[PDB]
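Every chain is numbered from 1, with letters handed out A, B, ... down the list of sequences.
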2 protein chains.
Amino acid sequence: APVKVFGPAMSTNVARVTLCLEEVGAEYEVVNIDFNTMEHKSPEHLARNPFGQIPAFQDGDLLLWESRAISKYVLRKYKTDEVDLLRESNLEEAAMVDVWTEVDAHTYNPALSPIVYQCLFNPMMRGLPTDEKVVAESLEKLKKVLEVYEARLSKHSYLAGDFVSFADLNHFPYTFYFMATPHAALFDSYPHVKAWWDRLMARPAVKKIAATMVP
Amino acid sequence: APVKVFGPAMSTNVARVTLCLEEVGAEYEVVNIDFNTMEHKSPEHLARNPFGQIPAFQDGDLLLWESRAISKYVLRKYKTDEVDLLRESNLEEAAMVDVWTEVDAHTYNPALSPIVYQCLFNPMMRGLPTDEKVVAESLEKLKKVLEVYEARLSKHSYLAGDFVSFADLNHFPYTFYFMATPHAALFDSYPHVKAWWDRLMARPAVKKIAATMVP
Ligand SMILES: N[C@@H](CCC(=O)N[C@@H](CSc1ccc([N+](=O)[O-])c2nonc12)C(=O)NCC(=O)O)C(=O)O
Ligand SMILES: N[C@@H](CCC(=O)N[C@@H](CSc1ccc([N+](=O)[O-])c2nonc12)C(=O)NCC(=O)O)C(=O)O
C-alpha cells in the first residue's frame with residue numbers, strides 16, 4: 001500500500017522524506033497541505049502532527065512527524081542489501097552517518113538555511129524583504145563550515161566514508177534551494193564540496209525530487 | 001578499555017553522553033576541556049572535533065562529535081536485552097524514539113534552552129545580563145510545547161511509549177538546568193509532564209549525572 005507524505009512537494013523537509021522514498025523505490029503519495037489556508041493547523045493535520053508543522057507521514061495506522069524520524073523509518077522498513085543508507089549493519093559506519101546527519105542539523109543548515117530564507121523564501125514566497133546583515137553573517141559562517149567539508153570530502157567521496165548515505169541525502173534539499181540564490185557560485189571555491197554536490201545531483205532519485213521542487 | 005568524553009562535566013551536551021554511558025554501565029573517563037583557555041579550539045581538540053565544540057568522544061581509534069551521534073554509538077555498542085533504549089529491534093518503537101528525539105532538538109530545546117541560557121548561563125557563567133524579552137517569548141512558546149507533552153504523557157508513561165528510551169534521556173540535561181531557574185515551578189502546571197520528570201530524576205543513572213552538573 002502507499003505510504004503517504006503530508007505537505008507541499010516544494011517543502012525542503014518534504015523533499016528529505018520523498019528523496020529517501022525514491023532512493024529505496026517505495027510506492028508513496030504526496031497529499032498537499034495548503035499553508036495559504038492554514039491546513040497545517042487544521043484539526044485533521046494536528047491528528048498527524050500535534051505541533052501543526054509539515055511534513056507528516058502515514059504508513060497504514062502509523063502517523064509520524066519530524067522529517068528525519070520519518071526518513072529513518074523509510075530507510076529501515078525498505079532496507080535491501082543493495083540500499084543500506086544507514087549502515088546499521090556496521091557500528092562505526094552507522095556512527096559516521098549519525099555524526100554528519102547531526103552536523104547538517106546543528107552546524108551546516110543553521111549557516112546555509114537563512115541565506116535560502118532571506119534571498120529566496122522571503123521575497124518569492126512571503127513578500128517580506130532580504131536582511132543583508134543576516135546574509136553577510138551566515139555567508140561568513142558558511143565559508144568556515146565549507147572549509148571543514150572541503151577537508152572531509154578530499155579524503156572520502158561522501159561525508160560518512162566512501163559510500164553515499166543518509167548523511168549526504170540530508171544536505172540535498174536546503175542546498176538545492178541555496179543553488180537557486182545569487183550565492184550558488186560560493187561552492188565553486190570548494191572544488192571537493194562541489195564535486196560531491198554534482199555526484200548527488202546526478203543520482204536518479206535526486207533528479208526526480210529536484211523536478212518536484214518548483215512552484 | 002575506557003571510552004573517553006571530552007568536555008566539562010557540567011556541559012548539557014556532555015551530560016547527554018555521560019547519562020547514556022551510566023544507563024548502559026560502560027567504563028568511561030571525562031577529560032576536561034577548559035573554555036577559559038580556549039582548549040576547545042586547541043589543535044588537539046580540533047583533531048577530535050574539527051568544528052571546535054564539546055563534546056567529543058574517543059573509543060580506541062574512533063573519534064566522534066555531536067552528542068546525539070556519540071549517544072547512539074554508546075547505546076548500540078553496549079545494548080543488552082535489559083537495556084534497548086533505541087528499540088532498533090522494533091521498527092514502530094524505533095520510529096517513536098526518533099520522532100521525540102527530533103522534537104527535543106527542533107521544538108522543545110529551542111523553546112526551553114534560551115531560558116536556561118538567559119536566566120542561568122549568562123549571569124552565572126558569562127557575566128552578561130538576562131534578556132527579559134527573550135525570556136517572556138520562549139516561556140509562552142514553552143507553555144504551548146508542554147500542552148502537547150502533557151497530552152502525550154497522560155497516555156504513555158514515556159514519550160516513546162510505555163518504556164523509558166533515548167527520547168526521554170535527551171530531555172534530561174537542559175531540563176535539569178531549567179529546574180535551577182526561577183521558572184522551574186512552570187512544570188507544576190503540567191501534572192503528567194511533572195510526574196514523568198520525577199520518574200526520570202529517580203533513575204540511578206540520572207541521579208549520578210545530576211551530581212556531576214554543578215561547578
Ligand atoms: N524539524 C522539522 C521542521 C518542520 C518545519 O519547519 N516545517 C515548516 C514548513 S514552513 C512553510 C511555510 C510557509 C509556506 N508557504 O507556502 O507560504 C510553505 N510552503 O512550504 N513549506 C512552507 C512548518 O510547517 N512550519 C509551520 C509552523 O511552524 O507554524 C522537520 O524536519 O520536519
Ligand atoms: N549540537 C552539538 C552542540 C555542541 C555545543 O553547542 N557545544 C558548545 C558548549 S558551550 C560552552 C561555552 C562556555 C563555557 N564556559 O565554561 O564559559 C562552557 N562550559 O561548558 N560548556 C560551555 C560549544 O562547544 N561551543 C563552542 C563554540 O561553538 O565555539 C552537540 O549536541 O554536541
Side-chain angles (χ1 to χ4, degrees), chain A residues 1-9 11-18 20-21 26-74 77 121 125 127 173 212 215, chain B residues 91-112 137-162 165 167-168 170-171 186-187 189-196:
Chain A
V3 299
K4 293 183 157 200
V5 188
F6 292 95
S11 161
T12 55
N13 292 281
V14 168
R16 179 187 291 158
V17 167
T18 56
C20 291
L21 287 158
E27 286 221 347
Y28 68 94
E29 192 191 293
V30 182
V31 175
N32 180 59
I33 277 141
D34 193 6
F35 279 71
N36 263 107
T37 259
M38 300 307 291
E39 307 196 343
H40 62 286
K41 309 301 209 202
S42 64
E44 293 79 3
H45 194 69
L46 293 166
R48 314 208 280 252
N49 183 343
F51 299 107
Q53 289 200 312
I54 59 98
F57 175 84
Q58 190 186 322
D59 187 353
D61 286 298
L62 186 63
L63 283 174
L64 288 188
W65 68 104
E66 287 290 342
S67 58
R68 290 168 184 96
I70 294 176
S71 275
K72 277 138 91 209
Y73 176 82
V74 170
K77 176 152 172 247
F121 181 109
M125 222 65 131
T212 67
Chain B
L91 180 87
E92 284 203 6
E93 289 182 356
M96 286 333 276
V97 177
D98 287 353
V99 164
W100 287 97
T101 295
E102 289 312 299
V103 164
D104 169 56
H106 292 279
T107 302
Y108 179 99
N109 217 230
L112 182 129
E137 159 176 20
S138 304
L139 206 53
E140 201 23 56
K141 288 192 176 162
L142 179 64
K143 283 167 177 168
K144 300 310 129 174
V145 169
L146 292 176
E147 276 172 7
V148 178
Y149 278 64
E150 185 66 20
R152 175 75 187 214
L153 282 171
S154 47
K155 299 150 168 11
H156 301 278
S157 238
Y158 305 93
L159 305 167
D162 298 344
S165 93
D168 313 280
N170 278 310
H171 291 83
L186 178 55
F187 272 49
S189 299
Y190 311 88
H192 289 104
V193 174
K194 189 48 166 66
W196 163 83

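Closest non-hydrogen pair, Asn49(A) versus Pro55(A), comes out as ND2-O, 4.3 Å. Of all heavy-atom pairs spanning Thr12(A) and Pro173(A), the tightest one is O-CB, 3.3 Å. Taking every heavy atom of both residues into account, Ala69(A) and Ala95(B) meet most closely at CB-O, 4.5 Å. Contact detail for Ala160(B) and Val97(B): the closest heavy-atom pair is CB-CG2, 3.9 Å. Of all heavy-atom pairs spanning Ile54(A) and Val14(A), the tightest one is CD1-CG2, 4.0 Å. Taking every heavy atom of both residues into account, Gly52(A) and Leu46(A) meet most closely at CA-CD2, 3.6 Å.
Inter-residue side-chain proximity for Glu150(B) and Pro191(B) is flagged as met; some heavy-atom pair is nearer than 4.5 Å. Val3(A) has its side chain within reach of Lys77(A): a pair of non-hydrogen atoms, C-beta onward, lies under 4.5 Å apart. You'll find the side chain of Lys144(B) stays beyond 4.5 Å of the side chain of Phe51(A), heavy atoms only. Considering only heavy atoms from C-beta on, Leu62(A) comes within 4.5 Å of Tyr73(A) through its side chain. A 4.5 Å side-chain heavy-atom check between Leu139(B) and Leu186(B) finds at least one atom pair inside the cut-off. The side-chain heavy atoms of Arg68(A) and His106(B), taken from C-beta on, include a pair separated by under 4.5 Å. Residues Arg48(A) and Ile33(A) are in side-chain contact: their nearest non-hydrogen atoms beyond the backbone lie under 4.5 Å apart. Side-chain contact between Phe35(A) and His40(A) is present, with at least one heavy-atom pair separated by less than 4.5 Å.
How far NZ of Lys143(B) is from OG of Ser138(B): 12.0 Å, rounded to the nearest 0.5 Å. Here the straight-line distance linking atom CD of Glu66(A) with atom NZ of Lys72(A) works out to 10.5 Å at 0.5 Å rounding. In this structure, NE2 on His156(B) lies 12.5 Å from NE2 on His192(B), to the nearest 0.5 angstrom. A distance of 9.5 Å separates CG in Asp162(B) from CD in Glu93(B), rounded to the nearest 0.5 Å. Annotation: the span from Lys141(B) atom NZ to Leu112(B) atom CG amounts to 13.5 Å, rounded to 0.5 Å. Rounding to the nearest 0.5 angstrom, the gap separating the CD atom in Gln58(A) from the CG atom in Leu63(A) is 5.0 Å.
Judged by distance alone, with hydrogens and angles left aside, the side-chain atoms of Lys194(B) form no donor-acceptor pair with the main-chain N or O of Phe187(B) at under 3.5 Å. The backbone N or O of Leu159(B) lies less than 3.5 Å from a partner atom in the side chain of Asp168(B), making a donor-acceptor pair. With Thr37(A) contributing its side chain and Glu39(A) its backbone, the two residues share no donor-acceptor pair below 3.5 Å.
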The test is side chain to side chain contact (heavy atoms under 4.5 Å, CB included); show your working for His45(A) and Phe6(A) and say whether it passes.
CA-CA 8 Å; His45(A) 194 69; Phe6(A) 292 95; 3.9 Å; yes
### Message
Please determine whether side chain to side chain contact (heavy atoms under 4.5 Å, CB included) holds for the pair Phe57(A) and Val74(A), giving the CA-CA distance in whole Å, both sets of side-chain angles, and the decisive distance to 0.1 Å.
### Response
CA-CA 10 Å; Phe57(A) 175 84; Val74(A) 170; 4.1 Å; yes
**Message:** Run the ring-ring contact (aromatic ring centres under 6.0 Å, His included) test on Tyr149(B) and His171(B) for me, step by step, so that the C-alpha distance in whole Å, both residues' side-chain angles and the decisive distance to 0.1 Å come before the verdict.
**Reply:** CA-CA 12 Å; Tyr149(B) 278 64; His171(B) 291 83; 5.4 Å; yes
Side chain to side chain contact (heavy atoms under 4.5 Å, CB included) evaluation trace for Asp59(A) with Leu64(A): CA-CA 8 Å; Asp59(A) 187 353; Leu64(A) 288 188; over 6 Å; no
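Counted by atom type alone, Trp100(B) and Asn170(B) present zero donor-acceptor pairs between their side chains at under 3.5 Å.
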